[PDB]
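S.K.: Please see the structure below; I have some questions.
There are 2 protein chains.
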Amino acid sequence: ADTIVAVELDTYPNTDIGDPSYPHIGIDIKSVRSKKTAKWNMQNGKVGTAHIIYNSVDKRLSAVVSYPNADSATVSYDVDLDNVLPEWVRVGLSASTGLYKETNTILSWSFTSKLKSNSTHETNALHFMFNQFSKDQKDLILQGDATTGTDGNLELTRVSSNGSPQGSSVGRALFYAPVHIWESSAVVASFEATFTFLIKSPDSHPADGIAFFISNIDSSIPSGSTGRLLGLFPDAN
Amino acid sequence: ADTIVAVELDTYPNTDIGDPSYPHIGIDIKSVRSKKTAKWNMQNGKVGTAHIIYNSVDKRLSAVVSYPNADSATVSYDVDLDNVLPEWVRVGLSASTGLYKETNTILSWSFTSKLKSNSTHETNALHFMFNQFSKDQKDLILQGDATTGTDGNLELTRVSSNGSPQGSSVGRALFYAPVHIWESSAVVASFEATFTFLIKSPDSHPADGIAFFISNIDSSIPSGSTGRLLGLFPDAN
Ligand SMILES: CCN(CC)c1ccc2c(c1)Oc1cc(N(CC)CC)ccc1C2c1ccccc1C(=O)OCCOCCOCCOCCn1cc(CO[C@H]2O[C@H](CO)[C@@H](O)[C@H](O)[C@@H]2O)nn1
Ligand SMILES: CCN(CC)c1ccc2c(c1)Oc1cc(N(CC)CC)ccc1C2c1ccccc1C(=O)OCCOCCOCCOCCn1cc(CO[C@H]2O[C@H](CO)[C@@H](O)[C@H](O)[C@@H]2O)nn1
Ligand SMILES: [Ca+2]
Ligand SMILES: [Ca+2]
Ligand SMILES: [Cl-]
Ligand SMILES: [Mn+2]
Ligand SMILES: [Mn+2]
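Chains as they are written, first to last, in the deposited numbering: chain B, 1 to 237; chain A, 1 to 237.
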């Protein structure tokens, strides 16, 4: 099975598998049942921003989601990455719909990682930034329904000709290169990610959400992970 | 056959392919016969640094090689990358030995590329930095004889357990992800690369050199490209 660390922007309450009763952001460590959540006043049709940060000094994974002129939703959690992930991983965005639906449109995505070994500036780093996406975005691995379209955006889940979202869709985008996120010789390991997103839904209840995730390098969309499993997990354990 | 743009640090004069009669730096555009060169006072067994810069404003590819407390060697040449390379490329380092030999050790390597589209801050960027190479360096594609060591270095060509280099060796390391180096809607496409290198020879005569190159994404070492072809070119044309 894949190993997943994720921050979920969960638009649909699946109370029967642990979700609080409202849209929420959550920190997911090898399970769709979030280790920590916070209430998220999601806004239909508006562009939001997510920021995810980790450092190995405090060993705290944190995330904040916001819209311009609204209160932010924020969540933090203890995590030792040497403990949960392999040394080398890929990073990605995932989204899904199920019975209920929403656009899962990514307008920008940036990531930076740094791994300072043993010595006094002996730092390896990777940074990438996408402020638009091309039709052939060769440095992304697109999985499932994910496409990079005419608009210059990444559509994680299937969108019709008119821009209207489709149900029972799942897609991910992974950065092409593996990332060295820990090494036992590192004096400080750290990363950050940011992305801007447009979740819009004709439905009463949008579903199901978007996540930034870190996985084993050979991760793929697990079977039956559309809808509530957010393209990340094979089951709800 | 591959499409190659390179900066060569050429330690061995092959004057029958237009090398000048001394070690030299050169700019190579689809041929081992450099479009331009400058004399380079190579220093056997000392750590040197190379810096390669390109912007699409001036459309000029420039390179400097130096050692601490020595004069530098510099070369520049007109290059429209859109006219030479595909939109997507890989970036790498190559070296070879032939009948004469040298260590072709890389101690660090960084690269940054930026592509500003149509719009006003519509920048995509990639940056990586290796100040130490690990034994399993998963974000490098190693070709031929190249290896990464538990000593933290990248040996592009074959070195024996006792430290002495081998003849008839060729090896390359390419960053794992494809790089978007130009786009027809770009206001500015630019990049820079730096590496530190250690070339040592027990011989009186070191050969053959190290190069930073940009290639078609599917580039591989041309058959028989040891010696003067620097692992870059299938022939001397
Ligand atoms: C919200 C209004 N409700 C509550 C009244 C609702 C909505 C749809 C069905 C519901 C109930 O019940 C059944 C029951 C059955 N049974 C078998 C004959 C008896 C167990 C079969 C189909 C449905 C549907 C349904 C019919 C047609 C097409 C698809 C679905 C569907 O996917 O249901 C979900 C899975 O079914 C199997 C068990 O079902 C109970 C689970 O929990 C029940 C509460 N529930 C279901 C859902 C929507 O779940 C889907 O969409 C979600 C949002 O996109 C995703 O998170 C989720 O993964 C799934 O895709 N939300 N809450
Ligand atoms: C293994 C013992 N060694 C090492 C001690 C060895 C063996 C033979 C030679 C050696 C060295 O050196 C030279 C040097 C010269 N020079 C000019 C007066 C001085 C710059 C001329 C000939 C030789 C020969 C030699 C003599 C007779 C018959 C054939 C060769 C021969 O090199 O054939 C080799 C292949 O050739 C094909 C290319 O053909 C046009 C080249 O133009 C000729 C000028 N030349 C050849 C060389 C060396 O080329 C090899 O080594 C280079 C350095 O590693 C590589 O750049 C090159 O690709 C090739 O591996 N350098 N200049
Ligand atoms: Ca949910
Ligand atoms: Ca030469
Ligand atoms: Cl590729
Ligand atoms: Mn949830
Ligand atoms: Mn030359």
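Backbone N, C-alpha and C define an ideal beta-carbon position, used for all residues, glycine too.
(1) Please go through the segment 97–172 of chain B and give each complete beta strand (DSSP E) segment of 3 or more residues, from N-terminal end onward.
(2) So the alpha helix (DSSP H) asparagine 83 of chain B belongs to, where does it begin and stop?
(3) Please report the distance separating the alpha-carbon of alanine 193 of chain B from that of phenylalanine 111 of chain B.
(4) Measuring from the CB of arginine 172 of chain B, is there a heavy atom of ligand 2 at a distance below 6 angstroms?
(5) Give the residues of chain B in contact with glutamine 132 of chain A, contact being defined as C-beta atoms less than 7 angstroms apart.
(6) Got a sec: does ligand 7 put a non-hydrogen atom nearer than 6 angstroms to the Cβ of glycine 163 of chain A?
(7) Evaluate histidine 24 of chain B with the Cβ neighbour count: other Cβ atoms within 10 Å of its Cβ, from every protein chain shown; 16 or more gives buried, anything less gives exposed.
(8) Rounded to whole angstroms, what's the CA-CA distance from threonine 15 of chain A to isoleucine 221 of chain A? Just pull it up for me.
(9) Pull up the distance between the alpha-carbon of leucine 174 of chain A and that of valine 159 of chain A, whole angstroms please.
(10) Can you tell me where the beta strand (DSSP E) holding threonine 194 of chain A begins and where it ends?
(11) Give me the Cα-Cα distance between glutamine 132 of chain A and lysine 200 of chain A, rounded to the nearest whole angstrom.
(12) Relative to the C-alpha of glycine 167 of chain A, which residue among A/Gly209, A/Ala1, A/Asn237 is closest?
(13) May I ask which residues mark the beginning and end of the beta strand (DSSP E) holding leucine 230 of chain B?
(14) For chain B, is any of its Cβ atoms less than 7 angstroms away from the one on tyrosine 176 of chain A?
(15) Who are the Cβ neighbours of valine 187 of chain A in its own chain at under 8 angstroms, not counting the five residues just before and after it?
(16) Round the Cβ separation of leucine 156 of chain A and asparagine 104 of chain A to the nearest angstrom and send it over; I've been treating them as touching at under 8 angstroms.
(17) Tell me which same chain residues have a C-beta within less than 6 angstroms of the C-beta of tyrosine 77 of chain A, skipping the five on either side of it?
(18) Kindly examine ligand 3 and report whether one of its heavy atoms sits closer than 6 angstroms to the Cβ of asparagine 83 of chain B.
(19) For the pair the segment 119–129 of chain B and the segment 212–232 of chain B, tell me if three or more CB-CB distances fall below 8 angstroms.
(20) Which residues in chain B have a C-beta closer than 9 angstroms to the C-beta of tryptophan 88 of chain A? List them in chain order.
(21) Quick check on the contact list: which residues have their beta carbon closer than 7 angstroms to a heavy atom of ligand 3?
(22) I'd like to confirm something about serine 160 of chain B: is its beta-carbon nearer than 6 angstroms to some heavy atom of ligand 7, or not?
(23) Label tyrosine 12 of chain B either buried or exposed according to how many other C-beta atoms from any shown protein chain fall within 10 Å of its C-beta, with 16 as the threshold for buried.
(24) How big is the Cα-Cα spacing for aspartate 235 of chain B and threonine 49 of chain A?
(25) Mind pulling the chain B residues with CB within less than 8 angstroms of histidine 180 of chain A?
M.R.: Once the coordinates are examined:
(1) 105–117, 123–130, 140–144
(2) 81–84
(3) 4 angstroms
(4) no
(5) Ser117, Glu122, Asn124
(6) no
(7) buried
(8) 23 angstroms
(9) 20 angstroms
(10) 186–198
(11) 19 angstroms
(12) A/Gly209
(13) Element bounds for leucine 230 of chain B: n/a, residue is neither H nor E.
(14) yes
(15) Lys116, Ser117, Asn118
(16) 4 angstroms
(17) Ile27, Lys35, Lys36, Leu61
(18) no
(19) no
(20) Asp136, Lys138, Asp139
(21) B/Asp10, B/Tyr12, B/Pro13, B/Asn14, B/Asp19, B/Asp208, B/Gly209, B/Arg228
(22) no
(23) buried
(24) 52 angstroms
(25) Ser134, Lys138, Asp139
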